[PDB]
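Consider the single chain below, provided in structure tokens and representing the form deposited in one PDB entry.
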């Protein structure tokens, strides 16, 4: 896939990077499979749990909460506020929580981290600020995560704009998995993001 040729083919423009809540220069990802960190449970934002890096993909981490099975992994950018180095939870005066389905508690936390490599505090990058305005316009193209298959990023188009929300429509598909999101969502990126970060943009659908 090549954006320049695609934009020519579809007679469209890509949304300028200034529209997204993503750093102009993508954050580098130096995490390694197996590293330990702390992550807010995707089910409960008020709960922080010990997590392990299951995989690396572009500027993102495939994560799993220690103590749970491998069916609910989630993906987070290295500059996501949902992740932090081990010890942050306690430093902020809170207590680590068990993940859903978990099966003493203090000892588990000890054993699950013992001898493990903790992701360095420097690997967690600064969260990009929210753009002051929603400058997305109907017709602009971008790269968006398929929320039903998060490991995939696909070419999309802004189908509509209302207030602080934008309608993400996936090119080539029949709206099967399109979705609305805030303009400052961390799940959308400017054209060329996958190429810069070493990920792969899925080809558009065939319809």
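Residue numbers count along the first chain shown, from 1. In this text, rigid core is short for the largest set of C-alphas that superpose within 1.5 Å between two forms. Only residues modelled in both forms are compared.
Another form, the form solved in complex with a partner chain, is not on view; read the next lines as being about it.
Peer 1: Give a yes or no on whether each residue among 41, 49 and 75 has a heavy atom within 4.5 Å of the partner chain in the entry with it bound.
Peer 2: The answer is no: none of the three residues contacts the partner (heavy atom, 4.5 Å cut-off).
Peer 1: Using a 4.5 Å heavy atom cut-off, state whether residue 177 contacts the partner chain in the entry with it bound.
Peer 2: Yes, contact at 4.5 Å.
Peer 1: Considering non-hydrogen atoms and a 4.5 Å limit, does the partner chain approach residue 146 in the entry with it bound?
Peer 2: Yes, residue 146 sits close enough to the partner chain in the entry with it bound that at least one of its heavy atoms falls within 4.5 Å.
Peer 1: Can any non-hydrogen atom of residue 54 be found within 4.5 angstroms of the partner chain in the entry with it bound?
Peer 2: The answer is no: residue 54 has no heavy atom within 4.5 Å of the partner chain.
Peer 1: Do residue 161 and the partner chain come within 4.5 Å of each other in the entry with it bound, heavy atoms counted?
Peer 2: No, residue 161 stays farther than 4.5 Å from the partner chain in the entry with it bound.
Peer 1: Within 4.5 angstroms, counting heavy atoms, which one of the listed stretches 146-154, 161-169, 66-74, 29-37 is next to the partner chain in the entry with it bound?
Peer 2: Of the stretches listed, the one contacting the partner is 146-154.
Peer 1: Relative to the superposed rigid core, which consecutive-residue segments of length 3 or more display CA displacements of 2 Å or more between the shown form and the other one?
Peer 2: Shifted segment: 104-107, the only one.
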